[PDB]
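Asker: Below you will find the structure I want to go over with you.
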Ligand code: HEC
Ligand code: HEC
Ligand code: HEC
Ligand code: HEC
Ligand SMILES: [Ca+2]
Ligand SMILES: [Ca+2]
Ligand SMILES: [Ca+2]
Ligand SMILES: [Ca+2]
Ligand SMILES: [Cl-]
Ligand SMILES: [Cl-]
Ligand SMILES: [Xe]
Ligand SMILES: [Xe]
Ligand SMILES: [Xe]
Ligand SMILES: [Zn+2]
Ligand SMILES: [Zn+2]
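Chains as they are written, first to last, in the UniProt record's numbering: chain W, 28 to 174, 178 to 642, 651 to 808; chain S, 28 to 175, 178 to 642, 654 to 808.
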């Protein structure tokens, strides 16, 4: 039947309609594949979701007729996450082999034969799915490329598809300090020659020669991205954890979103914004119905749980008006929903707690007739066999790591090894930086004051540093529990903000437009700045650019990437982007420093000492591509000496705050992490949300910080830190105590999240030791 | 061991120390009682909590040693909620017998003999506990009273079994979530009223069960469910209360841990109901207190109506955020029904994957410890270990139950209705400062619409809530106002989350901000402070109740005097207006029916009604339930709109007030008129709980409509960015008289309902 569009004949859908032809191409379903896990904390660790390794689990095939069941995975100690191929005669999954090798991606046919190992990766791998690019019809396809030059066929490749999966390295911590950080990877199954078929060059990334496969990382988020799936328009639907800093009451949120299979254009779908339903509930295992086009997902009571109730929001219009509750009146737990083109669904359901496979009933808003339920197994992840129609494959302008593809001749190129760049780079542009749907408020993701065109002088670009602490004696979690951070603090910072550094600064045009070139394949976010160089509004999220890629946005959280059409805007920055035919991008790279006038106003942007094979492929000087020399503000190395020199003299235990004591660690509740000055400055204030700030300090807002208010001796923002600020008796002007560099160093420190240890891993600077 | 205080000897505790004496009197634990439930949605309906009737369940006795189990409940169709007596040789529970009779309260010896039915009620009964009042020691107490101007003499004696506090719901009622149950706490005389007669000198007033030789009295009048009562160290009742009132708590509501006296004289919050606290909308149930470190331990469910979930704890001595802990506390499963022992051990009902069992708790590993007993075919919960319980101190009661007070002078019981001649039970309350609050200036109804000082608050509006009762199923529909502000909690009666209400009356406020008044007793109520225009500046969202003859004091308006702070020392004018006369119970003025204003509509004074009827020196007013005034949109507002508004307001000139009382179909539901739908319409970028375009429920002063009717800026909260148009402006202040305008004001402050008359009536409404 036709769904999205009309067909050539009444009763039949056009070939451009995915959900319409998945109807017809499906075919009868006699058989189903599903995962059986032992019932144990460690047998079914859904509480650790996305990081899920149901040790001792098997993937099994059950036919709905004779009702036989066969175990395909018997060679594996652990097996889970079944995903069927297009024809339905084979599937891919995640497993731990009895011979070892860790938890990796595997694939085998439906009969149990043809076992092949996809991933040798060091880390954990799960959630494989088939996204076929350049492969529609079954067969072989041609590899063509260019050498004055021509386009020649160099021979062929079997066209099967690509594998999109979630994976995480080891010795890594997320923003919740869990010992995993997941992300999305695209995998060439032919050894990189499918990418070479599409792009004209083999996939760049981590290579697995012995397995004849290649992997590339399409999502750089510092927290876990997981459960990838297919959108009707041919993109990747998945779940993303945004924990960044104090965002969303400090507990962050798990959103359903989509991204291109090369990770070129990630955008939110539902759950990440204020006003939206579900709060801190976890959203996982999201799939889309064919008939009514609804995104159906598991809504877990707890953020990290993989089981819960069933929620739905229309894919066409993902808003609160289309939200609905599919379950919850039987008090049972649901997981792993699987919509069918027949407008049926297979759900894993535990009424009183024994999980089994059941047909879903939409009329009863609950689980229907039983398929297969073993009392000795949690039966979940149903994956029925049938012919799946194939989503559209979008053109990729990246060959993967360090590799871009020209927009002119479409020729793959390596920015590092060949062109001589220190690191792969890309661009981004905002048409209006003063344009927002956010009001003026105390919270860092809001405006600290009204800003018009010309009010925003420049922008700060910050790169998130992953938290890696191999030595457990040099790192402790919850050392700042008495401070603003709470349980999300650590030996590194007294706030919820983890270690990060400055990518660099970029000026803003008078109309509020800005554009810049910067590092790629790295997590980053940005802050709009006033004439004093302080952040008015902070973007709390993790953005990433693929090599040579660039990204546009209408405004600052204006909704252009969420719920609203692009506003038509003619911007100055557009003419600063690429004007030269011999260049990839003519847009300026992020500047390292700032220059101010005598009054402390913003004079402009200043170059650093990192300037750079290299080729002539850009007009502007190359700055900030060296990861080694990237600058950050560390409290011990930078701020503390300033405090000792210009402050601690008049500030002791008798004159709060107490800045004395130097770098000597102060024991709090049996934990010695930071010094006296840090503990003093990060101290909470009664009646104030610590997610906003403390007495003297507001993380990621300098303009809202009482300390900065006093250092500039003025009221900087529309949010007052407290009722009485400037004493009417015995007041002392603090504005002349510091130079501009020191004061703005403090400003930068606060805007960075006011950390303590900003240098990843154990270093020589004072800190937690046992 | 000494806990709260030092004892007579080192290592031993004073008898005044409840925790310590509980430690010393406990003894070794051998046998335990617990509930086994069938595993089904119908067999274990913990999603319907507080309303829980695990049909098919049984109560069993298990030996921790010989490991042999026995079913004591075999004669019952369903049994649950076991609670052991002080000696531990008998226990009380809830359930329905095979002979029928419904779900009731029973008690039985733990050997399985001596069954007795403590309750025969129309409704459902749950979670009985023993509260020993007048009985510390085993034996017979003597009954003594005054001879009606004679001496005090002894009449008879009574076996002292104490009393029984339980939670129960009537038949055919709806809560504020439109669930078909409303739970409240009841005290029960085990001896048939003569325990109360021993304490008071008159038998317990309330519903009598002469066949069971028992009597019950309702101690909590909250419109939503109060459930799972327990014992505090200081001798009060600890339980969970549902505060759903109106649009409060983001239109959701909260389940709070709170305490009250066994007669319900002094309800106060412990933890969970206030902004800035932890757990949000999480359900809080089955709370108990640890003996050693004195910590309240409760089940925190992710869903408000769920009875299973995690385990959290807060200090009893200091119930604040700083003392909040999450006991369990990670992987992988669910917890329910914790039971802290005096020896600091604990029994929890734990499900690792899917099925609950009895487990010792491990505080070091923050999870379930060694296994006690689990059947795979049963869900094993509600552990009730057998040991000796130390009796908490019993507090003096000044009420004999319904209509009955007890004087503070001679201490003799008196009936306010049958004898003294009052139409209804009446208590008093006093606030020393109505301008004193911990709340900031904000758009939400529980906050201040504007800054107010002494003298700025002229009077107060006292509002009685009406239980939602709809016998006819054809004339009532839930979710009729889904397109309006109410959302899912709306109905045929209201387009808001506010259910049906009425005005108890107005009371003036002294220049120092103090106020005192006499009003109805044993009815749910709350109040609003009013400015010189008679509009609510701040609304108290909760259900207060007064027992007969009982006064209730508070320092301020949500100031912390009843929550987190000490009473503020205040010398108030209202204090002298309370009781000055020898011949009177209370000399405080009753709530006035109306308010009278000046020419422009500013507050002049309070005006008596026609409901005015020698134990008080003031006119008795507002004690007649049938005469209680409310504001109905159809009867009161809509006519005014038709006469003075609908004229030039049509589809072309929004809002559209035309069409009269004719119903409008929205999403296939015909509930309200055109004017109601128009005025209750939501606004983009505005929290529906705050209000809509023209109407903010329970704030008139924040409403755009009222802003235009007075043609002025009323509050510090702007309804929208552009209020008054620049061109084409027309002044609306002269269109209405003060009566009509303030009628609209009253309508909005009441929650802006549609049907304010409970049950099916003759006025237009939903019909199918
Ligand atoms: C009976 C007392 C009423 C009520 C309750 C309202 N009106 Fe009127 N109205 C008229 C005109 C020309 C306007 C627009 C110009 C202006 O607002 O000054 C209005 C506007 C309103 C509003 C505001 C709507 C909004 O801003 O969105 C409201 C809430 C309102 N009205 C209610 C004209 C008349 C009129 C003569 C033609 C009469 C009589 C009324 N209105 C009566 C009433
Ligand atoms: C002696 C000349 C001082 C030097 C050197 C520094 N401060 Fe100071 N500070 C001093 C006084 C006498 C006071 C009293 C209050 C006032 O406003 O004069 C303060 C106060 C502060 C405060 C405000 C504390 C509060 O309001 O709670 C802050 C935030 C502060 N001081 C910080 C500060 C810094 C960063 C300094 C180094 C540049 C510093 N002080 C030096 C006296 C003296
Ligand atoms: C002003 C600062 C900006 C600018 C210039 C951009 N964004 Fe956006 N962004 C911003 C805020 C305040 C937030 C929410 C922060 C919070 O919730 O605490 C976001 C969020 C995002 C997200 C996450 C999904 C969402 O919230 O919608 C993405 C993805 C995102 N922003 C992308 C994005 C793009 C493509 C931009 C063009 C350069 C862009 N941001 C600019 C604020 C700001
Ligand atoms: C000003 C209006 C008052 C006055 C004069 C009193 N109370 Fe209190 N009340 C008030 C507010 C704003 C709230 C919270 C509303 C919300 O939505 O959260 C309350 C609530 C209560 C409660 C519930 C527990 C709690 O929130 O702490 C109780 C119990 C309570 N109020 C009792 C009470 C008493 C005994 C008073 C003395 C007469 C009293 N209130 C006065 C606002 C106000
Ligand atoms: Ca099973
Ligand atoms: Ca470090
Ligand atoms: Ca069991
Ligand atoms: Ca009615
Ligand atoms: Cl935007
Ligand atoms: Cl108070
Ligand atoms: Xe269509
Ligand atoms: Xe961003
Ligand atoms: Xe109240
Ligand atoms: Zn957002
Ligand atoms: Zn409160």
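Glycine is no exception: its CB is placed at the ideal position from the N, C-alpha and C atoms.
Counting contacts by CB-CB distance shorter than 8 angstroms, is residue 281 of chain W in contact with chain S?
Answerer: No, residue 281 of chain W lies away from the interface with chain S (no Cβ there is under 8 angstroms from its Cβ).
Asker: Helix or strand or just coil, what does DSSP make of residue 355 of chain S?
Answerer: Residue state, collapsed to three classes: strand.
Asker: Taking residue 745 of chain S as part of the alpha helix (DSSP H), name the residues at either end of that continuous run.
Answerer: Start and end: 744-749.
Asker: Please list the terminal residues of the continuous alpha helix (DSSP H) segment that includes residue 459 of chain S.
Answerer: First-last for residue 459 of chain S: 455-460, but that is the beta strand (DSSP E), not the alpha helix (DSSP H).
Asker: Pull up the DSSP beta-bridge partners for residue 442 of chain S, would you.
Answerer: Bridge partners of residue 442 of chain S: S:435.
Asker: What's the C-alpha gap between residue 805 of chain W and residue 526 of chain W?
Answerer: Approximately 18 angstroms, taken between the alpha carbons.
Asker: In chain order, what are the residue ranges of uninterrupted alpha helix (DSSP H) at least 4 long that sit wholly in the segment 38-91 of chain W?
Answerer: The qualifying runs are 45-52.
Asker: Is DSSP giving residue 737 of chain W helix, strand or coil here?
Answerer: Three-state DSSP puts residue 737 of chain W in coil, outside helix and strand.
Asker: According to DSSP, is residue 782 of chain S helix, strand or coil?
Answerer: Three-state DSSP puts residue 782 of chain S in a helix.
Asker: Taking the C-alpha atoms as reference points, what is the distance between residue 616 of chain S and residue 659 of chain S?
Answerer: Roughly 10 angstroms separates the two Cα atoms.
Asker: What residue range does the beta strand (DSSP E) around residue 562 of chain S cover?
Answerer: From DSSP, residue 562 of chain S is part of no beta strand (DSSP E); its letter is neither H nor E.
Asker: Quick check on this structure: which residue in W:450, W:694, W:677, W:276 has the alpha carbon closest to the alpha carbon of residue 731 of chain W?
Answerer: Residue W:276 is the option with its Cα nearest to residue 731 of chain W.
Asker: Give the DSSP-derived three-state secondary structure of residue 237 of chain W in the structure shown.
Answerer: If DSSP states are grouped into helix, strand and coil, residue 237 of chain W belongs with the strands.
Asker: If you follow the beta strand (DSSP E) that residue 267 of chain W is in, where does it begin and where does it stop?
Answerer: Looking at the DSSP string, the run of the beta strand (DSSP E) that includes residue 267 of chain W is 266-272.
Asker: Would you list, in chain order, the members of the segment 311-340 of chain W that have their beta-carbon closer than 8 angstroms to a beta-carbon of chain S?
Answerer: Listed in sequence order: 331, 332.
Asker: Taking contact to mean 3 or more Cβ pairs, one atom from each stretch, closer than 8 angstroms, check whether the segment 574-587 of chain S and the segment 452-464 of chain S are in contact.
Answerer: Yes, they touch.
Asker: I need the DSSP call for residue 223 of chain W, collapsed to helix, strand or coil.
Answerer: In the structure shown, residue 223 of chain W sits in a helix (DSSP, three-state: H, G or I).
Asker: For the segment 307-327 of chain W and the segment 48-59 of chain S, state whether three or more C-beta atom pairs, one from each stretch, are separated by less than 8 angstroms.
Answerer: The answer is no - the segment 48-59 of chain S does not touch the segment 307-327 of chain W, with fewer than three Cβ pairs under 8 angstroms.
Asker: With DSSP run on the structure shown, which of helix, strand or coil describes residue 775 of chain W?
Answerer: Here residue 775 of chain W sits in coil by DSSP.
Asker: Rounded to the nearest angstrom, what separates residue 125 of chain S and residue 178 of chain S at their Cα positions?
Answerer: Roughly 53 angstroms separates the two Cα atoms.
Asker: Using a Cβ cut-off of 9 angstroms, pull out every chain W residue sitting near residue 73 of chain S, in sequence order please.
Answerer: Within 9 angstroms Cβ-Cβ: 361.
Asker: Which residues does DSSP list as the beta-bridge partners of residue 298 of chain W?
Answerer: Note: residue 298 of chain W sits in a beta bridge opposite W:287.
Asker: Examine chain W for any beta-carbon lying closer than 8 angstroms to the beta-carbon of residue 511 of chain S, and answer yes or no.
Answerer: Output row for residue 511 of chain S: interface = no.
Asker: Where does residue 118 of chain S fall in DSSP's three states?
Answerer: In this structure, residue 118 of chain S counts as strand in the three-state DSSP scheme.
Asker: Is residue 302 of chain S close to ligand 15? I mean its beta-carbon at under 7 angstroms from any heavy atom of the ligand.
Answerer: True, at least one ligand heavy atom lies under 7 angstroms from that Cβ.
Asker: Is there a Cβ from chain S that is less than 8 angstroms from the Cβ of residue 384 of chain W?
Answerer: Cβ-Cβ to chain S under 8 angstroms: yes for residue 384 of chain W.
Asker: Mapping DSSP to helix, strand and coil, what is residue 153 of chain W?
Answerer: Residue 153 of chain W: strand per DSSP, three-state reduction.
Asker: Residues of chain S with a CB under 7 angstroms from the CB of residue 380 of chain W: which are they?
Answerer: Those are 383, listed as they occur along chain S.
Asker: Could you check where the alpha helix (DSSP H) with residue 678 of chain W kicks off and where it finishes?
Answerer: Start and end: 678-684.
Asker: Does residue 573 of chain W get closer than 8 angstroms to chain S when you measure Cβ to Cβ?
Answerer: With 8 angstroms as the cut-off, residue 573 of chain W does not count as an interface residue toward chain S.
Asker: Is the beta carbon of residue 486 of chain W closer than 8 angstroms to that of residue 533 of chain W?
Answerer: No, they are not a contact pair.
Asker: Can residue 592 of chain S be considered in contact with ligand 15, in the sense that its beta carbon sits closer than 7 angstroms to one or more heavy atoms?
Answerer: Correct: residue 592 of chain S has its Cβ closer than 7 angstroms to ligand 15.
Asker: Got a sec: does ligand 11 put a non-hydrogen atom nearer than 7 angstroms to the Cβ of residue 29 of chain W?
Answerer: Yes, the Cβ of residue 29 of chain W comes within 7 angstroms of a heavy atom of ligand 11.
Asker: Could you check where the beta strand (DSSP E) with residue 547 of chain S kicks off and where it finishes?
Answerer: Residues 544-549.
Asker: Is the distance from the Cβ of residue 789 of chain W to the Cβ of residue 557 of chain W below 8 angstroms?
Answerer: Yes, these two residues count as a Cβ contact at 8 angstroms.
Asker: What is the rounded straight-line gap between the Cα of residue 467 of chain W and the Cα of residue 91 of chain W?
Answerer: Looking at the two C-alpha atoms, the distance is approximately 52 angstroms.
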